């Protein structure tokens, strides 16, 4: 019935996206490209775009975002990219905290909750 789960980008460890009754949970997305906070933030947001598309959602349908930075010194730099990317008038619940990530060179990780668009 309506609690049925769908899985996207499944690995032995995690799925990139998981969806159930209209809600969408993305794995924490980490940089695949870039060195600077801005470069890495851009790459992470592009991944999010790609995975939200796969789930029948998009950034204008993000409910919540938690942003983990390795170093809170990168706040303004991250924000500059985030601010340009978010859907205006439809910006999500957000929290930003300092936490070290699985690799030392990762400066940002963003964890998204979103909703599947109604047809």
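Positions refer to the first chain, counted from 1.
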Checklist entry - Between 30-38 and 64-72, which has the higher average C-alpha B-factor in the PDB entry? => result 30-38
Item to check | Mean temperature factor over C-alpha atoms, higher-scoring stretch between 5-13 and 105-113 | outcome: 5-13
Next on the checklist: Splitting the chain's C-alpha B-factors into thirds, which one does residue 46 fall into?
Outcome noted: lowest
Checklist outcome for this item: residue 93: CA temperature factor from the record, placed by chain third, in the lowest
Checklist entry - What third of its chain, lowest, middle or highest, does the C-alpha temperature factor of residue 53 fall into? => result middle
